[PDB]
Amino acid sequence: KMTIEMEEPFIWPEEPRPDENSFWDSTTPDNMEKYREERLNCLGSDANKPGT
Amino acid sequence: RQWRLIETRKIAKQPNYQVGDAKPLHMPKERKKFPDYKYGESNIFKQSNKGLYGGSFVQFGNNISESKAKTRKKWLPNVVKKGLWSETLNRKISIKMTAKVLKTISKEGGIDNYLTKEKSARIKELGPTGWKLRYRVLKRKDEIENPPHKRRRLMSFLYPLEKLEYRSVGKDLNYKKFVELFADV
Amino acid sequence: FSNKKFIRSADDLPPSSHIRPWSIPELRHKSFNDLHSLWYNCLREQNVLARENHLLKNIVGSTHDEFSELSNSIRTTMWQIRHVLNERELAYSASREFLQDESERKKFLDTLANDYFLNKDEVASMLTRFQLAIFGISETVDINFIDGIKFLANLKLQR
Amino acid sequence: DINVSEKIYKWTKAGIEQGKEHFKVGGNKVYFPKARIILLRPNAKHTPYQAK
Amino acid sequence: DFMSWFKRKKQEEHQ
Amino acid sequence: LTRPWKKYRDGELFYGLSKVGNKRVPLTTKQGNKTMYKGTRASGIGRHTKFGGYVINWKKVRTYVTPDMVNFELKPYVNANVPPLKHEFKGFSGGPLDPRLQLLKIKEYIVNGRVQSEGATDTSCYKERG
Amino acid sequence: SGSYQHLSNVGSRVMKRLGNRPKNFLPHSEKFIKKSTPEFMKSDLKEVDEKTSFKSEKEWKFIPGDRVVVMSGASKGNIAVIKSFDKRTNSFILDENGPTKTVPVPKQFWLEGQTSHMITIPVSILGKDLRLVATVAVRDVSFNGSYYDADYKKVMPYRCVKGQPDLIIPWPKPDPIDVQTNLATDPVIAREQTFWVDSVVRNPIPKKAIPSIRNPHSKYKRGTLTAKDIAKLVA
RNA sequence: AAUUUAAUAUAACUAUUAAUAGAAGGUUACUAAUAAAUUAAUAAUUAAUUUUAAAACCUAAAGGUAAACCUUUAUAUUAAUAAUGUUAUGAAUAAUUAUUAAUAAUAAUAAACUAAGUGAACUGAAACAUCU
RNA sequence: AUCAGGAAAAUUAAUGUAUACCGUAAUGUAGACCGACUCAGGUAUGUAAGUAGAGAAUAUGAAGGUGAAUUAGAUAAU
RNA sequence: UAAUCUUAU
Ligand SMILES: [Mg+2]
Ligand SMILES: [Mg+2]
Ligand SMILES: [Mg+2]
Ligand SMILES: [Mg+2]
Ligand SMILES: [Mg+2]
Ligand SMILES: [Mg+2]
Ligand SMILES: [Mg+2]
Ligand SMILES: [Mg+2]
Ligand SMILES: [Mg+2]
Ligand SMILES: [Mg+2]
Ligand SMILES: [Mg+2]
Ligand SMILES: [Mg+2]
Ligand SMILES: [Mg+2]
Ligand SMILES: [Mg+2]
Ligand SMILES: [Mg+2]
Ligand SMILES: [Mg+2]
Ligand SMILES: [Mg+2]
Ligand SMILES: [Mg+2]
């Protein structure tokens with residue numbers, strides 16, 4: 001990773017809202033991951049335990 | 001006798017290389033000076049590769065007592081360093097010989113004669129060194145017999161003219177290159 | 001970036017049905033400079049996608065992969081371009097080799113002379129093109145140039 | 001006449017003035033580069049005049 | 001498959 | 001507690017999952033002694049000095065040459081309404097590398113002077129000679 | 001994720017081993033995958049390998065757009081226009097009339113105009129399970145000729161009914177791709193010829209560009225022998 | 001039309017018999033792509049035969065090294081031209097770019113089978129030493 | 001003082017110099033290394049506030065760091 | 001002592 005210094009400044013555009021952009025919305029993949037963790041690591045009577 | 005430890009030896013059969021064929025991956029730097037010796041180079045009594053041993057390898061066998069208690073012994077040949085005169089080379093050639101080999105040389109009447117005997121047995125019981133010596137002697141004999149005429153200057157005359165012609169077209173030309181070009185011509 | 005967007009949405013991206021990578025044949029009849037420009041545009045597009053793709057994978061942890069597919073497609077076009085560039089050079093080298101064989105060259109010259117030159121029912125234009133094609137003579141000096149001059153003189157004498 | 005760092009600075013200034021490279025261009029000409037770069041978001045430690 | 005279907009449905013809704 | 005949710009002694013480590021693992025795995029730039037220098041194929045550029053410095057050799061430095069007149073109208077993708085073109089090299093064993101074909105093309109150029117092909121003229125076309 | 005794996009190819013052997021799992025332990029591999037996936041995501045059909053995948057339009061017996069009767073299922077004897085195929089599974093997604101399943105869905109994936117979490121979604125179905133229609137259904141279709149399509153822009157085959165070859169089942173004319181993107185070059189510029197093979201003297205692309213185009217130190221490209229080299233080699 | 005039984009798969013090893021022939025791994029990335037021809041047989045085709053592109057680094061043997069790195073400088077000379085700017089007196093001396101000709105290079109290679117060299121001991125002899 | 005103390009790699013003048021690669025976190029008398037364990041063991045170097053002193057002994061502790069995967073009570077016999 | 005052998009340049 002290479003930092004550079006430049007004679008004119010720059011600031012990034014502001015990241016989009018959850019409702020606006022389809023891709024930039026971390027809720028879904030994180031939820032999916034959580035569900036996977038629950039299901040694989042569920043052992044005995046935690047099968048009956050309701051999902052998060 | 002037999003030449004079992006010699007004629008058993010096998011060497012990798014080199015494929016005949018055509019002028020238009022593709023190269024091998026490892027081509028050597030310096031060219032082959034001597035001819036290929038049929039029976040390679042001994043891979044057991046490597047002491048004998050440096051000299052004229054007369055196909056006399058080391059034996060291994062058993063020391064046996066009065067009790068017949070067997071113990072492993074080895075039986076070395078009577079090797080000896082000996083500078084012997086070559087008439088063909090006009091110098092004496094110093095090498096390790098078996099006393100037997102020295103006796104054979106004496107019988108045959110010279111070292112060159114011993115080397116150059118056409119029988120297969122002799123060839124077998126020459127070493128790689130012995131084979132090289134033979135080649136040296138034979139080549140020298142051939143030269144003595146047949147000098148080139150019984151061309152170089154013409155080449156030398158033509159070379160500068162050829163270079164000038166090349167320059168007139170546009171390119172430079174070096175001798176070695178000229179020699180390479182006009183070897184077969 | 002692309003239109004100053006932190007991230008292209010699904011609608012902002014070009015759809016898969018509308019977009020196609022370049023065909024090798026299409027690339028083959030493009031000039032060198034044009035091909036070079038195309039390559040650099042591709043590279044720029046990849047950079048834009050790479051920035052975005054990284055953000056998607058590293059931060060949000062997505063598996064949507066449209067950007068990745070686009071990058072792959074661009075990479076395909078790039079190697080096709082690279083292939084056609086190599087292929088053209090090889091073809092040129094082969095032509096040079098063919099010309100170096102003297103008899104074949106002579107035959108080619110004879111063929112040229114028979115059909116289009118020295119005939120009636122433009123010629124100057126053909127000669128100027130032919131000059132450039134076969135020899136080093138535009139409108140600098142070499143054995144090839146001399147040979148071309150001699151050939152031109154011979155043609156003039158004939159005509 | 002002048003020291004090395006000063007000479008370098010002068011060269012850089014000259015290149016800027018030109019609108020040519022502000023640095024000595026190499027001879028190893030890469031026509032078709034395959035390298036991509038990922039423009040990153042700025043950290044707290046960097047300024048608006050930097051990019052990584 | 002489902003994700004693709006959902007995307008198609010969204011597109012239809014949009015247009 | 002190292003971590004407040006784990007009050008009791010499970011067989012969990014202070015950091016990571018397993019201490020053990022395959023030790024025989026290639027070195028990186030970070031590992032080894034002070035003297036251990038791996039490098040990253042980045043700098044066969046100049047030459048190391050007798051005193052420990054370095055002197056760049058600019059004829060052996062990578063420039064990235066960009067075309068002076070950039071054709072921006074060429075894009076990374078083609079419009080899919082255009083079909084993918086297909087060349088045919090019948091009567092040429094060498095194909096596009098065939099010297100005979102090249103000679104023919106040169107002859108055509110000489111005669112006509114930069115005439116565009118079937119595919120180049122007509123976008124509806126899908127197959128072509130050249 | 002916080003990965004960085006995607007910018008490299010590290011642990012390559014391990015990845016290969018994982019990727020190319022033996023086929024006799026494929027049930028083992030997929031059992032846990034099935035468990036992991038929610039009901040609305042998971043499919044009943046087998047995810048076939050890219051080798052055994054219908055890439056050609058001959059391999060697929062039907063294209064997205066054509067009308068097909070469903071059979072060997074719950075919604076059997078039902079006409080349905082096939083919407084889009086799934087590439088990994090080798091199957092079709094039909095319209096509303098085809099086979100479906102009602103499954104709960106989170107508010108991330110809610111369509112506009114929904115009261116409940118419960119939503120009916122179309123299940124995938126194989127080409128074996130459904131037969132063409134033209135009203136008359138077709139038992140089997142065969143391909144014998146081929147031609148350039150104007151709309152599809154491909155040398156597609158002729159779908160002919162099995163037995164009588166003259167009864168052609170025509171392909172469905174697809175929707176017009178109205179392309180308006182900045183990353184797609186237009187038809188005129190895409191195909192315009194800027195190169196011609198003219199010069200034998202000047203090479204077309206410069207000498208300094210060659211190293212990018214091909215590796216000058218290629219270990220594969222062996223040198224040809226000469227007479228001198230032969231002489232050196234041979235004793 | 002469906003079900004069952006037996007056989008066959010790109011998708012098991014082992015033994016036998018018959019026939020035929022004598023064969024890349026890893027590392028991580030600026031990912032290591034391909035293009036064609038001719039010939040039958042029903043334009044696209046599948047099949048056969050032939051040509052052709054690219055292909056990083058490491059795997060003793062270009063030279064090193066602490067495998068996947070470093071250093072050599074073939075996007076090199078050397079010469080011949082052409083264009084450019086400087087020095088000293090139309091000719092001479094050095095530098096940069098672009099053509100043309102000349103100069104060298106890339107060992108990852110099986111294992112079993114065969115032949116040769118050297119050649120044990122446990123063990124058996126109801127011990128052990130010849131013998132085995 | 002005897003115990004008698006490494007090796008190996010020039011200078012003026014003119015012309016240059018756009019300055020490569022790798023290391024840099026934290027841990028390191030230790031829960032982050034070697035000891036099968038967050039193991040009273042083993043682990044190289046330099047600073048190591050002042051007051052006291054012969055001192056790097058000993059007491060204190062400015063600053064800094066720390067008070068812990070066991071707690072609460074009871075404190076028989078031992 | 002031009003049998004052998006050891007050393008140095
Ligand atoms: Mg261990
Ligand atoms: Mg360290
Ligand atoms: Mg340094
Ligand atoms: Mg090697
Ligand atoms: Mg070193
Ligand atoms: Mg044996
Ligand atoms: Mg016994
Ligand atoms: Mg006993
Ligand atoms: Mg540190
Ligand atoms: Mg620090
Ligand atoms: Mg510390
Ligand atoms: Mg401890
Ligand atoms: Mg440890
Ligand atoms: Mg212990
Ligand atoms: Mg103190
Ligand atoms: Mg305190
Ligand atoms: Mg601490
Ligand atoms: Mg404790």
# chains A, B, ... in the order shown; residues from 1 in each chain; ligands from 1

call {"tool": "closest_atom_pairs", "arguments": {"of": "chain F", "to": "chain H", "cutoff": "12 Å", "atoms": "only C-alpha atoms (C1' of nucleotides)", "output": "CSV"}}
result
residue,atom,partner,partner_atom,distance
F:24,CA,H:67,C1',11.4
F:25,CA,H:27,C1',10.0
F:26,CA,H:68,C1',7.9
F:27,CA,H:66,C1',9.4
F:28,CA,H:69,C1',10.1
F:29,CA,H:69,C1',10.1
F:31,CA,H:66,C1',11.4
F:32,CA,H:66,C1',9.2
F:33,CA,H:66,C1',10.3
F:35,CA,H:66,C1',10.3
F:36,CA,H:66,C1',7.8
F:37,CA,H:69,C1',8.3
F:38,CA,H:69,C1',5.5
F:39,CA,H:69,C1',6.3
F:40,CA,H:69,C1',7.7
F:41,CA,H:69,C1',7.9
F:42,CA,H:69,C1',11.1
F:43,CA,H:70,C1',10.0
F:44,CA,H:71,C1',8.5
F:45,CA,H:73,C1',9.7
F:46,CA,H:73,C1',10.0
F:47,CA,H:71,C1',9.7
F:48,CA,H:71,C1',10.3
F:57,CA,H:73,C1',10.3
F:59,CA,H:75,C1',8.9
F:60,CA,H:73,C1',7.9
F:61,CA,H:75,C1',10.0
F:62,CA,H:75,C1',9.4
F:63,CA,H:75,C1',10.4
F:64,CA,H:75,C1',11.9
F:86,CA,H:35,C1',11.6
F:87,CA,H:36,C1',9.8
F:88,CA,H:36,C1',8.7
F:89,CA,H:36,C1',7.5
F:90,CA,H:37,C1',7.2
F:91,CA,H:37,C1',7.9
F:92,CA,H:37,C1',6.7
F:93,CA,H:37,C1',4.6
F:94,CA,H:51,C1',6.6
F:95,CA,H:36,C1',5.0
F:96,CA,H:36,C1',7.3
F:97,CA,H:52,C1',8.0
F:98,CA,H:36,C1',9.8
F:127,CA,H:43,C1',11.7

call {"tool": "select_by_dssp", "arguments": {"residues": "chain D", "states": "helix (DSSP H, G or I)", "output": "ChimeraX atom specification"}}
result
/D:4-18

call {"tool": "residues_near_ligand", "arguments": {"ligand": "ligand 9", "cutoff": "10 Å", "atoms": "only C-alpha atoms (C1' of nucleotides) and all ligand atoms", "output": "PDB file with C-alpha atoms (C1' of nucleotides), in the first residue's frame"}}
result
ATOM      1  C1'   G I  23      12.613  -4.021   8.144  1.00  0.00           C
ATOM      2  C1'   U I  24       9.339  -0.315  11.314  1.00  0.00           C
ATOM      3  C1'   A I  25       2.455  -2.616  14.937  1.00  0.00           C
ATOM      4  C1'   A I  26       2.129  -4.721  19.640  1.00  0.00           C
ATOM      5  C1'   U I  27       4.385  -8.376  22.534  1.00  0.00           C
ATOM      6  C1'   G I  28       9.501  -9.152  24.508  1.00  0.00           C
TER       7        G I  28
END

call {"tool": "residues_near_ligand", "arguments": {"ligand": "ligand 7", "cutoff": "8 Å", "atoms": "only C-alpha atoms (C1' of nucleotides) and all ligand atoms", "output": "PDB file with C-alpha atoms (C1' of nucleotides), in the first residue's frame"}}
result
ATOM      1  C1'   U H 123      18.435 -66.539  12.068  1.00  0.00           C
ATOM      2  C1'   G H 124      19.052 -72.462  11.278  1.00  0.00           C
ATOM      3  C1'   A H 125      22.486 -76.158  12.870  1.00  0.00           C
ATOM      4  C1'   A H 126      17.883 -77.235  19.141  1.00  0.00           C
ATOM      5  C1'   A H 127      25.233 -74.610  21.801  1.00  0.00           C
ATOM      6  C1'   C H 128      28.890 -72.614  18.282  1.00  0.00           C
TER       7        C H 128
END

call {"tool": "residues_near_ligand", "arguments": {"ligand": "ligand 6", "cutoff": "10 Å", "atoms": "only C-alpha atoms (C1' of nucleotides) and all ligand atoms", "output": "VMD selection string"}}
result
chain H and resid 115 to 119

call {"tool": "residues_near_ligand", "arguments": {"ligand": "ligand 12", "cutoff": "8 Å", "atoms": "only C-alpha atoms (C1' of nucleotides) and all ligand atoms", "output": "PyMOL selection string"}}
result
chain I and resi 30+39-41

call {"tool": "interface_residues", "arguments": {"of": "chain A", "to": "chain C", "cutoff": "8 Å", "atoms": "only C-alpha atoms", "output": "ChimeraX atom specification"}}
result
/A:12-16,21-26,29-30

call {"tool": "residues_around", "arguments": {"residues": "residue G:34", "least_positions_apart": "4", "cutoff": "12 Å", "atoms": "only C-alpha atoms (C1' of nucleotides)", "output": "MDAnalysis selection string"}}
result
(chainID A and resid 36 39:40) or (chainID G and resid 27:30 38:47)

call {"tool": "residues_around", "arguments": {"residues": "stretch 36-53 of chain B", "least_positions_apart": "3", "cutoff": "9 Å", "atoms": "only C-alpha atoms (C1' of nucleotides)", "output": "PyMOL selection string"}}
result
(chain B and resi 5-11+32+56-58+77+79+81+95-102+123-132) or (chain G and resi 235) or (chain H and resi 116-117)

call {"tool": "residues_near_ligand", "arguments": {"ligand": "ligand 4", "cutoff": "10 Å", "atoms": "only C-alpha atoms (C1' of nucleotides) and all ligand atoms", "output": "list in words"}}
result
residues 58, 59, 60, 61, 67, 106, 107 and 108 of chain H

call {"tool": "write_last_selection", "arguments": {"atoms": "N, CA, C and O atoms (P, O5', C5', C4', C3', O3' and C1' of nucleotides)", "output": "PDB file, in the first residue's frame"}}
result
ATOM      1  P     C H  58      13.331 -18.184 -10.482  1.00  0.00           P
ATOM      2  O5'   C H  58      12.899 -19.386  -9.531  1.00  0.00           O
ATOM      3  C5'   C H  58      12.916 -19.224  -8.101  1.00  0.00           C
ATOM      4  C4'   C H  58      12.483 -20.487  -7.396  1.00  0.00           C
ATOM      5  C3'   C H  58      13.095 -21.785  -7.894  1.00  0.00           C
ATOM      6  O3'   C H  58      14.418 -21.964  -7.400  1.00  0.00           O
ATOM      7  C1'   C H  58      10.775 -22.085  -7.546  1.00  0.00           C
ATOM      8  P     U H  59      15.461 -22.867  -8.210  1.00  0.00           P
ATOM      9  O5'   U H  59      14.780 -24.307  -8.186  1.00  0.00           O
ATOM     10  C5'   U H  59      14.845 -25.120  -7.001  1.00  0.00           C
ATOM     11  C4'   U H  59      14.009 -26.370  -7.145  1.00  0.00           C
ATOM     12  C3'   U H  59      14.421 -27.360  -8.217  1.00  0.00           C
ATOM     13  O3'   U H  59      15.579 -28.101  -7.851  1.00  0.00           O
ATOM     14  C1'   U H  59      12.068 -27.172  -8.173  1.00  0.00           C
ATOM     15  P     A H  60      16.837 -28.192  -8.842  1.00  0.00           P
ATOM     16  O5'   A H  60      17.709 -26.923  -8.433  1.00  0.00           O
ATOM     17  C5'   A H  60      18.365 -26.852  -7.151  1.00  0.00           C
ATOM     18  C4'   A H  60      19.860 -27.046  -7.286  1.00  0.00           C
ATOM     19  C3'   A H  60      20.482 -26.789  -8.655  1.00  0.00           C
ATOM     20  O3'   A H  60      20.639 -25.388  -8.871  1.00  0.00           O
ATOM     21  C1'   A H  60      21.475 -28.690  -7.597  1.00  0.00           C
ATOM     22  P     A H  61      20.258 -24.732 -10.284  1.00  0.00           P
ATOM     23  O5'   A H  61      21.431 -25.233 -11.239  1.00  0.00           O
ATOM     24  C5'   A H  61      22.780 -24.763 -11.058  1.00  0.00           C
ATOM     25  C4'   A H  61      23.751 -25.622 -11.834  1.00  0.00           C
ATOM     26  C3'   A H  61      23.464 -25.784 -13.324  1.00  0.00           C
ATOM     27  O3'   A H  61      23.982 -24.688 -14.076  1.00  0.00           O
ATOM     28  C1'   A H  61      24.008 -27.892 -12.355  1.00  0.00           C
ATOM     29  P     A H  67      16.111 -22.446   2.144  1.00  0.00           P
ATOM     30  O5'   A H  67      15.806 -22.186   0.602  1.00  0.00           O
ATOM     31  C5'   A H  67      14.678 -21.396   0.187  1.00  0.00           C
ATOM     32  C4'   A H  67      14.403 -21.624  -1.277  1.00  0.00           C
ATOM     33  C3'   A H  67      13.219 -20.856  -1.851  1.00  0.00           C
ATOM     34  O3'   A H  67      13.665 -19.549  -2.200  1.00  0.00           O
ATOM     35  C1'   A H  67      13.191 -23.119  -2.605  1.00  0.00           C
ATOM     36  P     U H 106      21.010 -23.100 -22.608  1.00  0.00           P
ATOM     37  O5'   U H 106      20.621 -23.122 -21.063  1.00  0.00           O
ATOM     38  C5'   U H 106      19.460 -23.828 -20.586  1.00  0.00           C
ATOM     39  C4'   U H 106      18.683 -22.961 -19.622  1.00  0.00           C
ATOM     40  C3'   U H 106      17.353 -23.544 -19.152  1.00  0.00           C
ATOM     41  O3'   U H 106      17.139 -23.387 -17.750  1.00  0.00           O
ATOM     42  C1'   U H 106      16.995 -21.430 -20.155  1.00  0.00           C
ATOM     43  P     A H 107      17.727 -24.458 -16.706  1.00  0.00           P
ATOM     44  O5'   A H 107      16.774 -25.724 -16.891  1.00  0.00           O
ATOM     45  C5'   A H 107      16.944 -26.684 -17.958  1.00  0.00           C
ATOM     46  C4'   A H 107      16.752 -28.110 -17.478  1.00  0.00           C
ATOM     47  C3'   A H 107      16.652 -28.345 -15.972  1.00  0.00           C
ATOM     48  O3'   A H 107      15.297 -28.302 -15.525  1.00  0.00           O
ATOM     49  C1'   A H 107      18.167 -29.906 -16.954  1.00  0.00           C
ATOM     50  P     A H 108      14.625 -26.934 -15.026  1.00  0.00           P
ATOM     51  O5'   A H 108      13.521 -27.445 -13.997  1.00  0.00           O
ATOM     52  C5'   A H 108      13.883 -27.819 -12.655  1.00  0.00           C
ATOM     53  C4'   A H 108      13.167 -29.081 -12.238  1.00  0.00           C
ATOM     54  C3'   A H 108      13.627 -30.371 -12.902  1.00  0.00           C
ATOM     55  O3'   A H 108      14.859 -30.789 -12.316  1.00  0.00           O
ATOM     56  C1'   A H 108      11.251 -30.328 -12.687  1.00  0.00           C
TER      57        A H 108
END

call {"tool": "interface_residues", "arguments": {"of": "chain C", "to": "chain H", "cutoff": "10 Å", "atoms": "only C-alpha atoms (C1' of nucleotides)", "output": "list in words"}}
result
residues 24, 75, 76, 77, 78, 79, 80, 82, 83, 84, 86, 87, 90, 140, 141, 142 and 143 of chain C

call {"tool": "residues_near_ligand", "arguments": {"ligand": "ligand 18", "cutoff": "12 Å", "atoms": "only C-alpha atoms (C1' of nucleotides) and all ligand atoms", "output": "MDAnalysis selection string"}}
result
(chainID F and resid 1:2) or (chainID I and resid 31 38 40 67:71)

call {"tool": "write_last_selection", "arguments": {"atoms": "N, CA, C and O atoms (P, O5', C5', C4', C3', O3' and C1' of nucleotides)", "output": "PDB file, in the first residue's frame"}}
result
ATOM      1  N   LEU F   1     -10.571 -11.330  33.869  1.00  0.00           N
ATOM      2  CA  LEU F   1     -10.771 -12.234  32.690  1.00  0.00           C
ATOM      3  C   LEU F   1     -10.152 -11.657  31.418  1.00  0.00           C
ATOM      4  O   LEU F   1     -10.191 -10.444  31.197  1.00  0.00           O
ATOM      5  N   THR F   2      -9.578 -12.536  30.598  1.00  0.00           N
ATOM      6  CA  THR F   2      -9.073 -12.169  29.270  1.00  0.00           C
ATOM      7  C   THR F   2     -10.232 -11.726  28.376  1.00  0.00           C
ATOM      8  O   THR F   2     -10.107 -10.756  27.624  1.00  0.00           O
TER       9      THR F   2
ATOM     10  P     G I  31       2.737 -13.022  31.741  1.00  0.00           P
ATOM     11  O5'   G I  31       1.521 -13.755  31.023  1.00  0.00           O
ATOM     12  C5'   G I  31       1.568 -15.168  30.752  1.00  0.00           C
ATOM     13  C4'   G I  31       0.624 -15.508  29.626  1.00  0.00           C
ATOM     14  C3'   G I  31       1.028 -14.959  28.265  1.00  0.00           C
ATOM     15  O3'   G I  31       1.822 -15.900  27.549  1.00  0.00           O
ATOM     16  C1'   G I  31      -1.204 -14.314  28.766  1.00  0.00           C
ATOM     17  P     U I  38      -3.193 -22.201  27.675  1.00  0.00           P
ATOM     18  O5'   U I  38      -2.322 -21.230  28.590  1.00  0.00           O
ATOM     19  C5'   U I  38      -1.304 -20.367  28.043  1.00  0.00           C
ATOM     20  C4'   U I  38      -1.061 -19.172  28.941  1.00  0.00           C
ATOM     21  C3'   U I  38      -1.246 -19.387  30.440  1.00  0.00           C
ATOM     22  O3'   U I  38      -0.313 -18.588  31.163  1.00  0.00           O
ATOM     23  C1'   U I  38      -2.791 -17.769  29.684  1.00  0.00           C
ATOM     24  P     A I  40       2.686 -20.511  37.001  1.00  0.00           P
ATOM     25  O5'   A I  40       3.940 -19.534  37.112  1.00  0.00           O
ATOM     26  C5'   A I  40       5.287 -20.047  37.171  1.00  0.00           C
ATOM     27  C4'   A I  40       6.175 -19.120  37.968  1.00  0.00           C
ATOM     28  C3'   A I  40       7.536 -19.699  38.353  1.00  0.00           C
ATOM     29  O3'   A I  40       8.545 -18.700  38.487  1.00  0.00           O
ATOM     30  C1'   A I  40       6.267 -19.325  40.307  1.00  0.00           C
ATOM     31  P     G I  67      -3.881  -5.638  35.688  1.00  0.00           P
ATOM     32  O5'   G I  67      -4.068  -5.796  37.261  1.00  0.00           O
ATOM     33  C5'   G I  67      -3.560  -6.963  37.932  1.00  0.00           C
ATOM     34  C4'   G I  67      -3.802  -6.882  39.420  1.00  0.00           C
ATOM     35  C3'   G I  67      -5.237  -6.678  39.876  1.00  0.00           C
ATOM     36  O3'   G I  67      -5.976  -7.896  39.879  1.00  0.00           O
ATOM     37  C1'   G I  67      -3.790  -5.284  41.127  1.00  0.00           C
ATOM     38  P     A I  68      -7.264  -8.075  38.938  1.00  0.00           P
ATOM     39  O5'   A I  68      -6.620  -8.282  37.494  1.00  0.00           O
ATOM     40  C5'   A I  68      -7.200  -9.175  36.520  1.00  0.00           C
ATOM     41  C4'   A I  68      -6.208 -10.242  36.107  1.00  0.00           C
ATOM     42  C3'   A I  68      -6.637 -11.689  36.349  1.00  0.00           C
ATOM     43  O3'   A I  68      -6.157 -12.500  35.281  1.00  0.00           O
ATOM     44  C1'   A I  68      -4.657 -11.257  37.551  1.00  0.00           C
ATOM     45  P     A I  69      -7.068 -12.742  33.985  1.00  0.00           P
ATOM     46  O5'   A I  69      -8.156 -13.780  34.505  1.00  0.00           O
ATOM     47  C5'   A I  69      -7.765 -14.918  35.296  1.00  0.00           C
ATOM     48  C4'   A I  69      -8.941 -15.836  35.507  1.00  0.00           C
ATOM     49  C3'   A I  69      -8.604 -17.221  36.049  1.00  0.00           C
ATOM     50  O3'   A I  69      -8.497 -17.172  37.465  1.00  0.00           O
ATOM     51  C1'   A I  69     -10.263 -17.338  34.324  1.00  0.00           C
ATOM     52  P     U I  70      -7.112 -17.520  38.183  1.00  0.00           P
ATOM     53  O5'   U I  70      -7.435 -17.277  39.725  1.00  0.00           O
ATOM     54  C5'   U I  70      -8.488 -17.996  40.399  1.00  0.00           C
ATOM     55  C4'   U I  70      -9.817 -17.304  40.196  1.00  0.00           C
ATOM     56  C3'   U I  70     -10.392 -16.584  41.403  1.00  0.00           C
ATOM     57  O3'   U I  70      -9.780 -15.310  41.574  1.00  0.00           O
ATOM     58  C1'   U I  70     -12.075 -17.914  40.429  1.00  0.00           C
ATOM     59  P     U I  71      -9.867 -14.562  42.985  1.00  0.00           P
ATOM     60  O5'   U I  71     -11.413 -14.200  43.092  1.00  0.00           O
ATOM     61  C5'   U I  71     -12.010 -13.890  44.359  1.00  0.00           C
ATOM     62  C4'   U I  71     -13.508 -13.808  44.216  1.00  0.00           C
ATOM     63  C3'   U I  71     -14.272 -13.740  45.526  1.00  0.00           C
ATOM     64  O3'   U I  71     -14.332 -12.402  46.011  1.00  0.00           O
ATOM     65  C1'   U I  71     -15.164 -15.478  44.228  1.00  0.00           C
TER      66        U I  71
END

call {"tool": "closest_atom_pairs", "arguments": {"of": "chain I", "to": "ligand 13", "cutoff": "10 Å", "atoms": "only C-alpha atoms (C1' of nucleotides) and all ligand atoms", "output": "CSV"}}
result
residue,atom,partner,partner_atom_place_in_ligand_line,distance
I:32,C1',ligand 13,1 (Mg),9.7
I:33,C1',ligand 13,1 (Mg),6.5
I:34,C1',ligand 13,1 (Mg),7.1
I:35,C1',ligand 13,1 (Mg),8.4

call {"tool": "closest_residue", "arguments": {"among": "B:113, B:65, B:156, B:106", "to": "chain H", "atoms": "only C-alpha atoms (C1' of nucleotides)"}}
result
B:65

call {"tool": "closest_residue", "arguments": {"among": "B:109, B:170, B:54, B:61", "to": "chain H", "atoms": "only C-alpha atoms (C1' of nucleotides)"}}
result
B:170

call {"tool": "residues_near_ligand", "arguments": {"ligand": "ligand 15", "cutoff": "10 Å", "atoms": "only C-alpha atoms (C1' of nucleotides) and all ligand atoms", "output": "PyMOL selection string"}}
result
chain I and resi 48-52+56+60-61

call {"tool": "interface_residues", "arguments": {"of": "chain C", "to": "chain F", "cutoff": "8 Å", "atoms": "only C-alpha atoms", "output": "ChimeraX atom specification"}}
result
/C:17-26,33-34,36-42,45,74,77,87-88,90-92,94-95,98,112,116,126-127,129-130,133

call {"tool": "select_by_dssp", "arguments": {"residues": "chain D", "states": "strand (DSSP E or B)", "output": "list in words"}}
result
residues 28, 29, 30, 50 and 51 of chain D

call {"tool": "residues_around", "arguments": {"residues": "stretch 4-6 of chain J", "least_positions_apart": "4", "cutoff": "12 Å", "atoms": "only C-alpha atoms (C1' of nucleotides)", "output": "number ranges by chain"}}
result
B: 80-83

call {"tool": "interface_residues", "arguments": {"of": "chain E", "to": "chain G", "cutoff": "9 Å", "atoms": "only C-alpha atoms", "output": "PyMOL selection string"}}
result
chain E and resi 1-3+5-6+9-10+13
